[PDB]
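Comments concern the structure below.
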Amino acid sequence: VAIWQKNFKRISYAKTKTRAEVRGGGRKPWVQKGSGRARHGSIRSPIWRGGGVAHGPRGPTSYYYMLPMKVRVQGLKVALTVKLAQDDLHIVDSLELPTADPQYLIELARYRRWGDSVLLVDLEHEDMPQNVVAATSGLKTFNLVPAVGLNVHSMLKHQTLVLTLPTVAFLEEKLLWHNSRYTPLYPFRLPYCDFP
Amino acid sequence: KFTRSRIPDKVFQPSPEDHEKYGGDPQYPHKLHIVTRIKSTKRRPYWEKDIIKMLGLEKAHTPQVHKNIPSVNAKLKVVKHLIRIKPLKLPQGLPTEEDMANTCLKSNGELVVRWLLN
Amino acid sequence: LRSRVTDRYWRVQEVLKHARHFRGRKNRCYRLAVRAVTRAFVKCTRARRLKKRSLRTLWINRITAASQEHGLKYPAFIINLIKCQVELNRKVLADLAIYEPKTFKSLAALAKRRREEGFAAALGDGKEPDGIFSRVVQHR
Amino acid sequence: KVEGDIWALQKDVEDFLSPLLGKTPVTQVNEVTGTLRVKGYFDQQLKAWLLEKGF
Amino acid sequence: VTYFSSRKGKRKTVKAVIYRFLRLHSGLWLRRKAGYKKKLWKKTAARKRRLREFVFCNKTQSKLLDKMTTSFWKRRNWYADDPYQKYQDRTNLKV
Amino acid sequence: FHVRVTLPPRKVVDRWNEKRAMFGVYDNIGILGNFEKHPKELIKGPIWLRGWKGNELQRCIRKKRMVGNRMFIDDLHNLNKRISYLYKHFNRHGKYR
Amino acid sequence: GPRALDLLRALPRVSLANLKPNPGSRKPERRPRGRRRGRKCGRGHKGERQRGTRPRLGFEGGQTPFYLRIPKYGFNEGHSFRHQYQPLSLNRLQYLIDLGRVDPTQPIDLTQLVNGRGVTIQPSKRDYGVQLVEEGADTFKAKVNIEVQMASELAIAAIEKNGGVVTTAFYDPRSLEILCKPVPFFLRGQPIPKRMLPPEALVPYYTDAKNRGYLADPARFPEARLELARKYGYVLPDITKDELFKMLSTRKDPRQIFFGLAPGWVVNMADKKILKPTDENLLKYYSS
Amino acid sequence: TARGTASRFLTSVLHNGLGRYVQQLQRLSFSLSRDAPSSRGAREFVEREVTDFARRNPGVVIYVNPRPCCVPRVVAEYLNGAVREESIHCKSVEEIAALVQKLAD
RNA sequence: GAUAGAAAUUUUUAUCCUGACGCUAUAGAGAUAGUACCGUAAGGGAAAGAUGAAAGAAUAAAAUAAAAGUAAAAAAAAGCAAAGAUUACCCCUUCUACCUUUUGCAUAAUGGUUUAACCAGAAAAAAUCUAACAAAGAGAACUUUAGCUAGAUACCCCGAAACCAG
RNA sequence: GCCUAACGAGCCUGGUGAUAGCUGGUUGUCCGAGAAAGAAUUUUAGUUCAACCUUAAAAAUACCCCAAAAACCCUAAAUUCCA
RNA sequence: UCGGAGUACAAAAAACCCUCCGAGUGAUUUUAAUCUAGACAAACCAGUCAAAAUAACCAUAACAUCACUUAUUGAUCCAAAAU
Ligand SMILES: Nc1nc2c(ncn2[C@@H]2O[C@H](COP(=O)(O)O)[C@@H](O)[C@H]2O)c(=O)[nH]1
Ligand SMILES: [Mg+2]
Ligand SMILES: [Mg+2]
Ligand SMILES: [Mg+2]
Ligand SMILES: [Mg+2]
Ligand SMILES: [Mg+2]
Ligand SMILES: [Mg+2]
Ligand SMILES: [Mg+2]
Ligand SMILES: [Mg+2]
Ligand SMILES: [Mg+2]
Ligand SMILES: [Mg+2]
Ligand SMILES: [Mg+2]
Ligand SMILES: [Mg+2]
Ligand SMILES: [Mg+2]
Ligand SMILES: [Mg+2]
Ligand SMILES: [Mg+2]
Ligand SMILES: [Mg+2]
Ligand SMILES: [Mg+2]
Ligand SMILES: [Mg+2]
Ligand SMILES: [Mg+2]
Ligand SMILES: [Mg+2]
Ligand SMILES: [Mg+2]
Ligand SMILES: [Mg+2]
Ligand SMILES: [Mg+2]
Ligand SMILES: [Mg+2]
Ligand SMILES: [Mg+2]
Ligand SMILES: [Mg+2]
Ligand SMILES: [Mg+2]
Ligand SMILES: [Mg+2]
Ligand SMILES: [Mg+2]
Ligand SMILES: [Mg+2]
Ligand SMILES: [Mg+2]
Ligand SMILES: [Mg+2]
Ligand SMILES: [Mg+2]
Ligand SMILES: [Mg+2]
Ligand SMILES: [Mg+2]
Ligand SMILES: [Mg+2]
Ligand SMILES: [Mg+2]
Ligand SMILES: [Mg+2]
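Residue numbers (PDB author numbering), protein chains in the order written: chain BF, 99 to 294; chain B3, 35 to 152; chain BU, 10 to 149; chain Bl, 112 to 166; chain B8, 94 to 188; chain Bn, 32 to 128; chain BP, 9 to 296; chain Bg, 2 to 106.
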C-alpha cells in the first residue's frame, strides 16, 4: 500500500531527443568508400558527440496502477492495528483545545511522550474547531487531517496517531463494510438498495 | 565398426597352475571382491563409462567391496581392463557390532577387525 | 534520470596499483595495464602450482649432491632409507644434508648397509639368514 | 482464514489425513498469512471434517 | 501477427486460424484433414474415411494457434444446441 | 576520472515541509468517502496520461488521438515518425517473437 | 489468538525506513552487463535471431505453413450471431435460495438473479439470457415462479413437482441489457422501450406449451403439465388453491420488460417519481 | 602478487612466547553510533559481550565511543605501535566477536 | 496471404490545489548562434564560461600538483617483458598478447598509439513467483467446471549501393 | 561524353532511425547445469519443427540386462527385446 | 518427385554429380459401404493396417485381381459443376 501510494500519482517529465529528433544529421558526412575512416550515416547517431540518445527516457511516463479495493482496505486496517499494538494510537474526544498556541500542543505532546510527530484526525473538514486549526496551522510535525484524509503513508510517516470518537466510529463503519459486500455491478456512486 | 566385445568362455576357465600362481583356493571360491579402478574412463566407450559409474568406481584408487555373484561378474568382465580385483580376506571373521569403528582394510586385502587398539 | 559513474578514479586505481612496477606504458595506461595485470595473476597461479615441483626438484638435486659426496647414488639411498622404515621426506633430507653433515653421513651409512644386506640376501636366496637392519617392525 | 494455532491445525489435519493416504501428507504453513497448503485434492474431505468439527 | 495495433494498441488475430480451426475450451484445437475433398475417385474407402475424420493438434501447434489468436476466441461459449459442448471440457485426465 | 576537490554544499533537505507532510493525503478519498471520486481525479499531469498507463507506442497513440489536434507542426511530425518507428520495431523486430 | 500483535510490542516502531516485500514476490530484473550476461547478451551468433529480423509466427522458412495448408471449414462461421444462454443449475438455484440471495416468495426474474449474483449476462457477447439445466434436479426442494429464456424438460418437470411455475420468454439485446442493468438505464434518461418479438427461428419454441412459452396458448398449459407429471410419475400439485397463487400466476406482458412498469414510462429516481406519456400517438406506439 | 607487494621473514615480537607469552593487543577502540541502522551489530556487541571479552583479556584497554558516525569502526593498537583499522559496518554479533577475537589473537 | 478493421449501442461533474524520483557546458535547444565558417545556389553548420564580499584588493591570496605526454633521472648479453622468487634490479626456471571470426589463430586473418568524456536489450498474450478475495473475482462494460484482481519477471547499436517528391 | 573537382546519370532537403538472412560492436562479481546437426524450405550465409539441453512440478520405474525369441541360397564384428 | 536391389552381410534409420532397374499407368469384373477398439510410421503435413457392430448377396468370402505390385502421384486458396 505504501509503494502504491508513492507511485500511482507519479508522472516522470523526462524526455530526451532520439537521433530522429536532433536538428541536423540529414546527409552522409563522407562517402562510404575510399576515405579511409569509419562509415557513418547521420551525424546525429548516438555514437557521435551531439547525437541523439539511444534509448533514454521517452516523454512523460505514467506509473499509474490501482491496487484492489479490498487490498487497500486491508492495508488501512493493518496500519491502524499496528499503530494500536505499538502504543502509538491515542483516542481523544471532540479534539478541543483551551488555547490556539502551538507551543501548548508542543508541551502537551512532550509531557505525554506521544513522540516527535503527531497526526490528528477529525471527522469532517468544516467541523474542526478553530482552536486546534490555528494551533496546527503553525506546526510542521503536528499535522491535522480530516477523516477522509487518513492513509497508510501518513500513518507510517507520523509516529503518533490521534483519533476522535466520531472519527473512530466513522473509520469502523467504513472499513467493516467491505468484509460482507458484493462485487460492484456498477460503481458504488450509483444508487443501491442499501448503499448511498 | 567399433562395438562392444563378447569375451569367449574359454578365457574364464582357470588352469590348475593358476590357483597356485594367484594364491586362490582350488576348491572354494572367495566370497567378496575388492575392486579398485586404476585407469580413467576417458577415451573409453560410453557403455564402459556407465558400467564404471554404476559399480561405484567413479573415484580412482578407492577400493569398493562387491559380491562374487555372476550378475556383477558380468559388469566386472565388461570393464575388467580398468580395474584391479582382489579377494576380500577375513583373518578375524566378519566385524561385529562392537568392532565396527575399529576396523581397517590393508593394502594386501585382509580387513582387520581390531586396528590400533588402545 | 541521468546516471554517471563518479568512482571511476578508484575503479582505475584498483587495477593500476598492481601494475606500478611494470615496464613501458603498461604501468600508466589503463588499457595496457588490465591485460598485463590479468596475465600477471594467471602466471601467479601457475607458478604457485609449479613452486612445489621446483622446490622438490631442488631438494632432490641437493640430496643427489650429498649422496654422491658420500659415495652413494640417489635412487639407492632413497630406496634403502625407505626399506629401513625411515620416512623422512626430501625437504628434511636436504635440510640434514646442508646443516647436519654427520647425521646425513650416518643416514648414508645406514642406507649402504641396507643395500649390502639386500644384495647378500639376493645372492644367498636363503630364508634363514636375515639381516640385522633388514627386519621389519610392525605397528605397535 | 485460519486464526490461532495454525501449527495445531496442521497437526490435526495431518493426523486426520494419515490413515487415508497411508503416510503423513505434505503440508506447508503460512503463519504470516494464516494458510495451510496440503499436497493433493482433499477439498471435500476437509470441508466435511470442518463441518463435523463445527466451523 | 500484429502484437501492437496502430489504432487501439491492442493485439490482433489472424483470421485464417479461426476460419480453418476450432478451439475447445479445454485448450485442444480441432481441424479437418488436408485433402479431404481432392480426387476422391482416386482414393480407397478407408483413406476417404480417414480424411473425413476430424483430428486434433499437438502441443506445439496448439501453442502457435493460441499465440496467433486473441483472448476472445479462448472464452467459454454456451451456444444453443452446440455440437461440441460435450467436448468443451476434459474429464479423467490423470497428469 | 578527475573528481572534485571541494566539499559540495550539503543540501539541508527537510522531511516536514508542506508537500512531504501532506503527500498523498487523500489517496483513500473514495474508500473513506462514500464513493464519488476515484483516486484518478487526484492525478495532475498531461491530459492524455491522467489515470492511464501504457508502453511507448500506446502512449504516443493516445497522445496523437487526444491532443494531436493542438500540437505544433514539427511536434506532430515527430510524433507521427515515432509512431511509425515504434510500430515497425514492435511488430517486426525482437527475439521471442 | 494473534500473538504477532504481542510480538510487535518488543519490536521497534513500524515506519517507512523498515519495509520489506514478501520474498519471491518481485523477481529481480537482469541486464546485459557483466561477463556472463554480456557478449551477445543472450541473442546468439549471426543470423536473423541476433539482429532481430525473424519472420512472423506462422512462417516455417518458406514451407507452406501449417495454419495455411489446412482446408477452411465452418467452425466459427456465424459465431457472432449464434444465440448464447448462460446455464443455471437447479442446484445453484437451490443454493441461492438457501443462502437468501433470491427470495422464493417473489417472482424470480433475470434482474433478481443478476442482483443476487447467481448469473452473469454479457449481452454484447451475444448472450440471450439464462437457460435452466437439470444438473441438480434430484435435490431441488423449492417452490418458485422462475422466469427464464430456455428451460430443459427435466428442469421443468422438477420445478412443477415442487409446485412452481416455469415460463420461457424472449428478450431482444436492448431489453436484455435493460433488464440486466436497470439502474444504469434509469439514469440514462430514456423511456422504457417495447420488447421485440422473437424471430421466426424462435417463434415455434416460444409459442408451444411444451416449452412453457410466454406466447403459447394458456389453454394448453394444463395438458402439458399433466403429460409431464404422467411421464415422470409424480402427482401434479394443486397450484390453484395455494396461498401464493397470485405470486405464482403473476405474468409479464409480451411487450413488457419489468414488473408493473410499462413501455414509455420515465423513472425519475432523483425525485422518486414516474412520468407517463399521454399523447395518443405516443400511447399507440408504446402499446402497439 | 609476491613480486608486486612487499615481504618479510617469519618473526616474533620481542621473542614472544620464549620466556613467557605476552598478548600483543594493547588497546581496542570501538567507534559506533547510537541510532544509525548500520551500527546495530556493534551496539548489540557492546550490550552483550564486550564485558566478557574485557574480562577474558585483562591486558587490553577497551574504549567505546558512541558518536554520530555513519560507518562503525574498530581500531586495534598493538605493542609495536601498529594500528589496524577495521570496519564493522553491517555485521552480525557473531561476526563482530570473530573479528575481535582475530584481532586479539 | 502479409495484414487492414468499423458501426449500431454505452461511460465521461464546475475552478485553485503545477510543478518535476528532467540535464548542468561532449548533458540540456544547433545555439554565447542559425552567428563565424563551408557551398554559385537550394543548403549544411560549430567550438568556445569558470578567482574573489571587494580587482576603485595584479610589490594579488588560498586550495589538486592526481590522466595520457615530458623533466627531475638515456641504456649494459636473453627475448609477449610477467610470475616463482631471491641477501640482491637483471642474470636462473616457466608461459605461443587481447577481442572478433572459425573445425582450428602466437599466427604473417580483423580491430586498436594513449588518456578523458559519451556510445549499444525496449514490449507482459500464454506462463512462473508473491499477495487479496474466493464459486466467485474486478472501483462499469469482462473472465469464470478454482477461478478472477494486482504487482515482479521479455525481447540492442552502427553501416550501404539504392527508390520516390519538391 | 559534359551538365560547379565523385554523372550508366547532378546536388540539397524530406520520406528516413529506408532496408539489410551481410560485417563490426554489445559495458559489474561469483555460483549451477550445459548443447556439433534428422526433415522441409528460390533452401543449404537463413528460419520452423524433431531429437538433445536449461528452469520449475508431478509421478514410477529407468539404464546394465542370463535364458528363450527375430527368413527364406552363403555369410563377420555384432544388434533388437528381456528377468 | 515416387518405388525395388546393392552401398547399408543379422531390429529400425542412414549420404554421395555412387552402381543398376523402373513410374507419372493399362487390361478384366468380384464396382470393392457405414461406424469404430487398438496399433505402424512419422518434425509437421501427409501415408498405412484393423477386431467387434450394422443393410444386400453364399444363408461358409467380399482384402477387387494381374503386369517383380512396391511406385503409377500434388497442399491450401481460387475457379467451375448441381450440392
Ligand atoms: N553447434 C555447436 N557449436 C559448439 C558446440 N560447442 C562449442 N561450439 C562452438 O565452438 C566454439 C568454441 O569452441 P570450444 O571453446 O567449444 O572449443 C564457439 O563458436 C561455440 O559456439 C556445440 O556443442 N554445438
Ligand atoms: Mg533527420
Ligand atoms: Mg536523404
Ligand atoms: Mg542510413
Ligand atoms: Mg552542438
Ligand atoms: Mg543532444
Ligand atoms: Mg594442490
Ligand atoms: Mg533474461
Ligand atoms: Mg530489462
Ligand atoms: Mg554471455
Ligand atoms: Mg568482449
Ligand atoms: Mg550462422
Ligand atoms: Mg558479432
Ligand atoms: Mg517454394
Ligand atoms: Mg458469460
Ligand atoms: Mg504468399
Ligand atoms: Mg552544447
Ligand atoms: Mg602524468
Ligand atoms: Mg630473462
Ligand atoms: Mg597453437
Ligand atoms: Mg561459431
Ligand atoms: Mg577457414
Ligand atoms: Mg600463417
Ligand atoms: Mg590465420
Ligand atoms: Mg575476413
Ligand atoms: Mg593480428
Ligand atoms: Mg576485432
Ligand atoms: Mg591496424
Ligand atoms: Mg499476463
Ligand atoms: Mg520499387
Ligand atoms: Mg558534381
Ligand atoms: Mg540497420
Ligand atoms: Mg542466407
Ligand atoms: Mg560449472
Ligand atoms: Mg527449437
Ligand atoms: Mg539374450
Ligand atoms: Mg528391463
Ligand atoms: Mg513408434
Ligand atoms: Mg468384422
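In this text, a Cβ means the ideal position worked out from N, Cα and C, and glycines have one as well.
Between residue i and residue j, which are expected to be in contact by the criterion C-beta below 8 angstroms, what is the C-beta distance as a whole number of angstroms?
i	j	result
residue 313 (chain BP)	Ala159 (chain BP)	Residue 313 (chain BP) falls outside the range modelled here, since chain BP spans only 9 to 296, and no answer is possible.
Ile116 (chain BP)	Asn153 (chain BP)	6 angstroms
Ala120 (chain BU)	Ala74 (chain BU)	Rounded, the Cβ-Cβ distance is 15 angstroms, inconsistent with contact.
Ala28 (chain BU)	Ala45 (chain BU)	6 angstroms
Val122 (chain BP)	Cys49 (chain BP)	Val122 (chain BP) to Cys49 (chain BP), Cβ: 53 angstroms. No contact.
Identify every residue that forms a DSSP beta bridge with residue i.
i	result
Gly154 (chain BF)	Answer is none; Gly154 (chain BF) lacks a bridge partner.
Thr146 (chain Bl)	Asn141 (chain Bl)
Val47 (chain Bg)	Paired residues: none, contrary to the question.
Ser30 (chain Bg)	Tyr64 (chain Bg) and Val76 (chain Bg)
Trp122 (chain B8)	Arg116 (chain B8)
Smallest Cα separation from residue i: which of the options?
i	options	result
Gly123 (chain BF)	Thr114 (chain BF), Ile141 (chain BF) and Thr116 (chain BF)	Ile141 (chain BF)
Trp273 (chain BP)	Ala237 (chain BP), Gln198 (chain BP), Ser257 (chain BP) and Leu236 (chain BP)	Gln198 (chain BP)
residue 203 (chain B8)	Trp166 (chain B8), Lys135 (chain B8), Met161 (chain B8) and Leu121 (chain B8)	The requested residue 203 (chain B8) is not part of the displayed model; chain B8 covers only 94 to 188.
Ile41 (chain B3)	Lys87 (chain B3), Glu92 (chain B3) and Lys109 (chain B3)	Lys109 (chain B3)
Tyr108 (chain BU)	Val43 (chain BU), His148 (chain BU), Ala28 (chain BU) and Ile72 (chain BU)	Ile72 (chain BU)
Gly42 (chain Bg)	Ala77 (chain Bg), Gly60 (chain Bg) and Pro73 (chain Bg)	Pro73 (chain Bg)
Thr54 (chain BU)	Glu50 (chain Bg), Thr2 (chain Bg) and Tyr79 (chain Bg)	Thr2 (chain Bg)
residue 4 (chain BP)	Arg125 (chain BP), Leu118 (chain BP), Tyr93 (chain BP) and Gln92 (chain BP)	Residue 4 (chain BP) cannot be examined here, being either before or after the span of chain BP that is shown, 9 to 296.
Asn66 (chain Bg)	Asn81 (chain Bg), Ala55 (chain Bg), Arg35 (chain Bg) and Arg21 (chain Bg)	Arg35 (chain Bg)
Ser105 (chain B3)	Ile85 (chain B3), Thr70 (chain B3) and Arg78 (chain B3)	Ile85 (chain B3)
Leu24 (chain BP)	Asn277 (chain BF), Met253 (chain BF) and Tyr284 (chain BF)	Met253 (chain BF)
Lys68 (chain Bn)	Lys131 (chain BF), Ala207 (chain BF), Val246 (chain BF) and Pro166 (chain BF)	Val246 (chain BF)
Task: Contact set between the region 61-84 of chain BP and chain Bn, restricted to residues whose Cβ is under 9 angstroms from the partner - done: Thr61, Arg62, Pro63, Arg64 and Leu65
Task: Against chain BP: residues of the region 96-128 of chain Bn by CB proximity under 7 angstroms - done: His124, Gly125, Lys126 and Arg128
- [ ] Could you name the residues of the region 189-201 of chain BP whose beta carbon sits closer than 8 angstroms to any beta carbon of chain BF, in the order they occur along the chain?
- [x] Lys189, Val191, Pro192 and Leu195
Open item on the list: Closer than 7 angstroms between beta carbons: that is the criterion. Which residues of the region 12-39 of chain BU meet it against chain Bg?
Closed with: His27 and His30
Task: Those residues, in chain order, that have a beta-carbon closer than 5 angstroms to some heavy atom of ligand 12 - done: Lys54 (chain BP) and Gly55 (chain BP)
- [ ] Can you give me, in chain order, the residues of the region 75-89 of chain Bn that have a beta carbon less than 9 angstroms from any beta carbon in chain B8?
- [x] Result list: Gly85, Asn86, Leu88 and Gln89.
Task: Proximal residues, the region 146-160 of chain BF versus chain Bn, C-beta separation under 7 angstroms - done: Listed by position along the chain: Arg156, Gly157, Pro158 and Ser160.
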